[PDB]
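Protein chains in written order, with the entry's author numbering: chain A, 429 to 638; chain A', 219 to 743; chain A'', 219 to 743. A prime marks a further copy of an entry chain. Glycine residues also receive a C-beta, built at the ideal position from the N, C-alpha and C atoms. Presented below is the structure to which this report refers.
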Amino acid sequence: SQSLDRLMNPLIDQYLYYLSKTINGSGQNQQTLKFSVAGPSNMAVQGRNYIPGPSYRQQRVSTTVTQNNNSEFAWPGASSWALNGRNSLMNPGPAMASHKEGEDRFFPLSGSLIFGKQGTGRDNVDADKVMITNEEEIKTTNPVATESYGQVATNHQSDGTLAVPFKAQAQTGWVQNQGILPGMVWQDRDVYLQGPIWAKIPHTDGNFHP
Amino acid sequence: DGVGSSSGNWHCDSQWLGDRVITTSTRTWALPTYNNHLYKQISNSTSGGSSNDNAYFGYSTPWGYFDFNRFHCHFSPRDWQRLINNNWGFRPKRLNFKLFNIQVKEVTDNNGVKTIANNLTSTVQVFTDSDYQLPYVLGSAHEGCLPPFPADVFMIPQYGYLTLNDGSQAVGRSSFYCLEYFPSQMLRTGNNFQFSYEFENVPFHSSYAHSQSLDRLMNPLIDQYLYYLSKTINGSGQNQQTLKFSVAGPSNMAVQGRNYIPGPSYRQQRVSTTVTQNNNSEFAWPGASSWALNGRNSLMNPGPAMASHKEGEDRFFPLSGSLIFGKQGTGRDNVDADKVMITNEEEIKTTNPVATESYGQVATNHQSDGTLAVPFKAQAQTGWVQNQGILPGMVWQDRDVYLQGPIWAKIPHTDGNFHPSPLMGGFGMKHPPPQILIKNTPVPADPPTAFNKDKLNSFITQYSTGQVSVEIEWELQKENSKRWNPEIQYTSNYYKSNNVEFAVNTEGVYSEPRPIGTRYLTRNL
Amino acid sequence: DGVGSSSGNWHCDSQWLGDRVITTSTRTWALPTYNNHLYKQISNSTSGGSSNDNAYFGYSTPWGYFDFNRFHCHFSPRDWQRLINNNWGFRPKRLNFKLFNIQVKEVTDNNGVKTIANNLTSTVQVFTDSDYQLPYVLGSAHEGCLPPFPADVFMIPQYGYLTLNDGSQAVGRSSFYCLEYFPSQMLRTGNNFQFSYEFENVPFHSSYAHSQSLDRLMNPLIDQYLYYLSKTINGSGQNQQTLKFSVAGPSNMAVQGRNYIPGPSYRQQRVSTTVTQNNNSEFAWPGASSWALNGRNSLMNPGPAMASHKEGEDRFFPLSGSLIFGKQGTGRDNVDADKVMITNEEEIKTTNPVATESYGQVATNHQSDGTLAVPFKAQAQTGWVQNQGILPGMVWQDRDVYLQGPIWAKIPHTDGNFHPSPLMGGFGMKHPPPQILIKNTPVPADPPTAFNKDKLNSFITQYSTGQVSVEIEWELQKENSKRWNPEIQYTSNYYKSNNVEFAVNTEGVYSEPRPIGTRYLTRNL
């Protein structure tokens with residue numbers, strides 16, 4: 429009933445500061461370093477103790493087929509892993525939130541369990557012939573399956589040094605897959621009445637959260 | 219008991235045992251009535267601020283709470299020096315909390331004149347959320363704590379919490395808590411409150427730097443019996459490809475085989491305190507490492523514990539990788555760099571990657587001459603690794619704690635967490651010290667003589683005062699080095715100055731000179 | 219004891235045992251002085267209102283009383299959900315009542331300035347009418363109870379009663395009660411009051427709906443071995459009268475022989491919330507089912523427990539057959555339909571007749587061809603049965619209880635009663651929880667120096683404040699269904715909204731969204 433990014437007291441500031449301004453408005457040679465308190469008015473920059481669990485991005489498919497691309501992408505365009513030179517669909521992969529708030533028409537390509545209804549045939553059955561489960565309850569701690577888990581810095585922003593006269597602005601890349609980091613919390617996939625109860629952990633030297 | 223007898227004594231000493239230091243601190247508090255005894259709902263629209271990343275929904279409460287989740291609440295600067303200068307680690311053991319000499323005072327306003335009389339029969343309500351069934355707001359580094367100087371009198375901060383929000387709106391899962399639904403203890407000026415807590419087993423905080431680097435961990439006199447590829451060609455020409463190997467030894471330590479690797483990274487922007495070297499653009503928010511949750515972005519702040527800067531680069535700090543404290547009398551917004559003190563994590567550069575570097579490089583292709591598939595000869599290409607998650611064989615140190623900084627955080631109750639040491643530093647606990655909630659009991663002014671079913675909004679204005687004492691027992695790890703060399707120690711300087719550091723000035727305001735960390739002693743890796 | 223020590227603590231939790239849930243609730247009350255310490259006699263002429271049906275005679279008292287005869291006084295919405303969602307029944311077991319931290323405050327008026335000082339020596343009088351020898355005014359659904367939200371402060375309602383009236387006049391049998399004739403307990407700010415009560419054996423309230431109808435109680439696969447008259451003639455013609463019989467089976471369930479019949483009825487007018495379907499006339503009072511007593515008419519309101527409407531007709535409600543609650547901030551008179559919430563009794567349509575239908579029909583003549591007495595051939599005629607009293611073989615369910623609604627009623631002390639379950643819902647008891655009467659002890663202002671035999675009408679203006687706690691133990695009936703199907707449950711909705719249901723808004727006012735009943739689980743008939 430509480431989100432991982434909404435875990436503070438909305439009435440009191442934080443006694444931690446964040447960089448808020450790097451320049452003093454339009455112009456040349458106007459670089460400053462201003463700091464402000466993280467508080468309830470700016471919850472995005474607030475310092476936090478724990479971060480959302482790991483991610484492995486999946487393609488977003490909508491049950492309104494007109495919004496889908498007019499191409500075949502079920503296999504080409506599917507997140508996969510390789511073992512000894514052959515590819516397996518991720519299916520269903522790490523437990524991720526199936527969709528963002530207000531987007532129930534979208535499901536990950538192979539991120540959810542899909543059950544047949546009753547008398548459903550083996551091949552090429554219509555969407556209404558199957559039921560797609562969702563993992564929207566875990567969007568409070570787990571990243572959305574079809575989003576990209578934030579962004580990282582990908583360069584050094586600069587004005588100018590001896591090495592080069594090329595001034596680089598800050599550049600960010602998208603983090604499509606994130607492995608486990610310390611301080612990371614997550615929930616597992618749900619169980620269903622239709623679904624399995626137990627699995628055998630493979631007998632290996634190492635496993636994580638089996 | 220009674221009006222004329224005191225229900226406790228002042229006790230703010232420190233006692234150093236064998237391996238235990240017991241800190242006690244007494245402060246005088248004042249508790250106002252918050253919200254006019256109401257449970258107002260708050261949003262970003264309630265205060266008018268509009269940004270999806272900043273949108274919130276929650277509740278303001280008429281209760282205050284006690285925060286002593288900072289080290290300066292329990293250690294004098296001298297005690298902190300005595301701790302950090304000869305101890306490899308420390309951790310909290312048990313906590314004792316007392317609340318005594320409570321006095322409720324009624325303030326009256328006659329023609330704009332304030333007269334304060336004490337109300338001997340009014341009460342104050344106190345309880346500890348011992349079952350952890352309230353939102354926990356300690357552990358967010360909030361400016362409401364017990365003051366560092368024992369002679370200061372502090373206001374108790376108002377308690378409030380946030381729940382799930384759909385922008386400014388609530389959702390079905392949003393939870394509302396009435397704090398009056400808990401059993402409280404009622405106190406009227408003869409009564410006191412006592413609370414005892416045992417800390418769960420936390421690891422010792424590493425109160426040392428490493429005197430050895432992770433890449434310099436071998437014997438510099440002997441080779442390694444492992445070989446590395448050293449030459450792939452035989453000099454200039456065509457069709458001159460070879461495979462030569464050589465022993466990894468002391469002359470080439472970079473290629474030496476190693477058992478352990480530096481801890482994980484999440485790259486941050488580098489900002490210098492010499493502003494002329496910074497880019498002439500606004501990049502504080504755009505150009506800041508962030509994470510997203512449910513479609514909104516949070517500053518990393520401070521993120522994984524990383525070395526703040528490389529050797530010889532002290533002017534540079536990560537954009538949001540360090541804790542920044544205000545000095546004294548520093549204002550809330552757009553204060554100058556000299557008005558704040560930026561902490562650094564340079565002691566952990568022996569095991570942790572530098573916060574503004576990129577954790578090495580990986581291969582990004584197959585180098586080749588030519589195959590049947592293609593005639594395109596590709597040379598070896600490498601990409602930069604900006605963020606690295608945990609790998610096996612990876613070692614790291616956590617963020618330092620400061621005298622100014624927090625002590626503990628509550629580990630969020632989740633299925634999984636990894637290394638749940640708080641990112642701002644301190645001891646992560648599933649069951650931290652419980653919140654202590656305190657409220658003046660509302661006293662209605664006077665009801666109308668005819669009955670009315672409405673809920674009596676007229677009240678007598680009053681506030682409470684009292685003394686609070688906190689006693690923490692700390693377990694210590696005594697430094698046991700065989701190092702011949704004298705060590706680095708925290709010290710004050712013997713140079714004439716206007717004021718003594720960590721004292722009061724002529725005004726009488728106490729200030730703290732710089733942020734003192736706990737890593738001065740050294741250990742081998 | 220004393221001024222500086224508190225005489226009780228705050229305790230407003232809920233504890234769920236095996237088959238017992240113990241609710242505790244603490245509230246802050248304010249008690250004014252009522253009637254200037256007088257025992258005024260009141261009538262309909264006292265307030266001027268003139269109507270024989272509304273005529274009354276009675277007494278206003280300087281005492282207040284405590285009412286906690288509503289479910290929201292003891293259950294949070296979450297606790298109510300936890301109860302109604304998995305329990306087939308519940309009933310109260312024992313009651314505990316506490317009164318502590320009393321403070322009497324003297325208000326003074328100097329030149330129109332209100333100054334409130336506390337009076338440490340004044341008392342408050344409390345007693346419980348444990349022998350039930352006062353008129354019982356709990357059980358009339360009065361707006362004076364403990365507030366649903368624990369953080370609210372409430373005024374104590376003034377106690378008063380009615381006796382026998384001859385219009386506006388009293389008669390010889392009219393009884394007057396001096397409440398000061400009872401032994402009270404006197405309390406001055408160091409004292410507390412404790413009261414324990416055991417509920418008499420009441421049946422469990424049926425916290426379930428029936429998953430089976432009373433007319434659908436047979437096996438739909440097998441005939442019945444009973445016959446019914448199916449044909450009385452052989453088609454069109456004259457002098458063609460026959461007597462054919464056929465087996466009652468699954469094809470004709472209406473004529474099937476049954477062992478039990480629906481409970482009693484008292485027809486009410488049907489009013490729709492779509493006002494265009496209502497008649498363009500005033501019929502709220504004229505056109506309302508009523509009963510008469512000693513020549514004056516009372517609205518039935520709500521009368522026997524009947525199904526509010528038939529399947530597929532939710533816009534219709536009986537004129538006075540349902541409980542109607544105000545929402546929040548709803549005004550006293552002529553408020554709009556959307557300003558109130560109308561409860562329904564649709565779960566009991568499986569056994570109880572629909573409130574606005576007429577309970578079937580009876581024969582009203584002898585059908586005949588022709589006899590010696592008359593040559594008049596009469597066909598069978600039926601009348602409508604608008605009101606049906608109890609018959610043998612008759613089964614019914616009682617009215618539901620709501621979180622907003624009452625818990626118990628006092629059964630009137632009479633020679634005979636039938637099924638004395640209160641008509642507004644709850645547990646009917648011969649000896650309900652006793653009334654707790656409370657009064658500020660009058661403090662005379664100052665007597666004249668020469669003696670005067672008059673009764674000292676000059677008094678010091680003062681009011682009391684305190685905390686009250688109520689503890690009820692409830693016995694539960696755990697649902698033990700073998701139903702394969704998932705059941706209907708009370709739930710909140712997961713859709714973005716401005717406020718959270720059953721919380722406070724930005725103003726800080728607590729509101730309850732809809733009236734929650736206790737019938738969500740199902741049982742076979």
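- For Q403 (chain A'), the closest Cβ of chain A'' is nearer than 7 angstroms.
- Beta-carbon to beta-carbon, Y277 (chain A') and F400 (chain A') are separated by about 15 angstroms, too far to satisfy the 8 angstroms threshold.
- Separation of the CB atoms of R238 (chain A') and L364 (chain A') is rounded to 22 angstroms, and the pair is thereby denied contact status at 8 angstroms.
- In the three-state scheme derived from DSSP, where H, G and I count as helix and E and B as strand, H290 (chain A'') is classed as helix.
- Boundaries of the beta strand (DSSP E) harbouring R741 (chain A'): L739 to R741, taken from the DSSP string.
- The beta carbons of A525 (chain A') and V572 (chain A') sit closer together than 7 angstroms.
- Here the alpha carbon of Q653 (chain A'') sits roughly 47 angstroms from the alpha carbon of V580 (chain A'').
- With a cutoff of 7 angstroms on beta-carbon distance, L461 (chain A) and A506 (chain A) are scored as not near each other.
- Residues of the region 241-262 of chain A'' whose Cβ lies closer than 9 angstroms to any Cβ of chain A', in chain order: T242, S243, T244, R245, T246, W247, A248, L249, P250, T251, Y252, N253 and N254.
- The Cβ neighbour count for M373 (chain A'), taken over all protein chains shown within 10 Å, is under 16; the residue is labelled exposed.
- Contact of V465 (chain A) with chain A' is assigned, a C-beta pair being separated by under 7 angstroms.
- In this structure, DSSP gives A506 (chain A) a state outside helix and strand, which the three-state scheme calls coil.
- Separation of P640 (chain A') and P650 (chain A'') (C-alpha to C-alpha, rounded to the nearest whole angstrom) is 56 angstroms.
- Just so you know, the alpha carbons of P624 (chain A'') and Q606 (chain A'') end up roughly 27 angstroms apart.
- For the set A'':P280, A'':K671 and A'':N409, the Cα lying nearest the Cα of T341 (chain A'') is the one of A'':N409.
- Comparing alpha carbon positions, the residue from A:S454, A:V465, A:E575 and A:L621 closest to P704 (chain A'') is A:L621.
- Look at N658 (chain A'): its C-beta is not under 7 angstroms from any C-beta on chain A.
- Excluding sequence positions up to five before and after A388 (chain A'), its CB lies within less than 6 angstroms of the CB of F275, all in the same chain and listed in chain order.
- In the structure shown, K316 (chain A'') adopts extended strand secondary structure according to DSSP, grouped into three states.
- When only Cα atoms are considered, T548 (chain A'') and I451 (chain A) end up about 55 angstroms apart.
- Taken through DSSP and simplified to helix, strand or coil, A596 (chain A'') comes out as coil.
- The Cβ neighbour count for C291 (chain A'), taken over all protein chains shown within 10 Å, is at least 16; the residue is labelled buried.
- Contact between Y478 (chain A) and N635 (chain A') is confirmed by a C-beta separation of about 7 angstroms, below the 8 angstroms threshold.
- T569 (chain A') is a Cβ neighbour of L432 (chain A'), given a cutoff of 7 angstroms.
- Going by DSSP, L461 (chain A) is part of the beta strand (DSSP E) stretching over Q459 to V465.
- Between the region 312-322 of chain A' and the region 222-238 of chain A', the count of C-beta pairs closer than 8 angstroms reaches three or more; the two stretches touch.
- When Cβ-Cβ separations below 7 angstroms define contact, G330 (chain A'') makes no contact with chain A'.
- Beta-bridge annotation (DSSP): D551 (chain A') is paired with A:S464.
- For the region 466-495 of chain A', no residue has a beta-carbon sitting nearer than 9 angstroms to a beta-carbon of chain A''.
- Residue contact with chain A'' for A388 (chain A'): present (Cβ-Cβ distance below 7 angstroms to some residue of chain A'').
- Against chain A, a Cβ distance below 9 angstroms from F286 (chain A') picks out nothing, because the smallest value is about 14 angstroms.
- In the structure shown, the three-state DSSP call for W602 (chain A'') is strand.
- Taking a C-beta distance under 7 angstroms as the contact criterion, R406 (chain A'') and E693 (chain A'') do not qualify as a contact pair.
- C-alpha of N497 (chain A'') to C-alpha of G539 (chain A''): approximately 19 angstroms in a straight line.
- Annotation: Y252 (chain A'') to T659 (chain A'') spans about 11 angstroms, alpha carbon to alpha carbon.
- The way I'd put it, the region 732-739 of chain A' does touch the region 287-303 of chain A'; three or more beta-carbon pairs between them come closer than 8 angstroms.
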